[PDB]
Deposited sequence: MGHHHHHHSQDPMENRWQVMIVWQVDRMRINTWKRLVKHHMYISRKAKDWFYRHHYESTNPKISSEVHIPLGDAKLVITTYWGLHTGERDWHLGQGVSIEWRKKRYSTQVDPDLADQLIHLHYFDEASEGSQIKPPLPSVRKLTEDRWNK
C-alpha cells in the first residue's frame, strides 16, 4: 500500500468537506463514509467510498503511523474483488467525470 504523508489539519478539512457534501450540500450524497469503529485495522482513521459505476474509489485515511505519530491517505480503485493503487492525478479525472470547495484528492495529497 502507498501512503502519502499529510498533516492532520488537511485530513480534518478533507473529512469535514466530505461530510458536508454528503449530508448538507448533498452534491456527493451517493458517497459512503465508514468510521473508525467499522474497520478492523486499528490504524485506519476513516474510509470514503465514491461509487463510480460498478466500481468504487476508496480513500482511506490512517492515523497513528510511526512515520512522532503520523497520518496518511491511500487511494484505491475497486472493481468487485479487483483492487488497484491509484495516483491522485487519475483520481482527479475519475472524480470529475462522474461528479465550500469540492473535495479534491490532489489538494489533500499534495505536499
_Unmodelled intervals of the deposited chain, in order_ = 1-19, 87-91, 124-134, 147-150
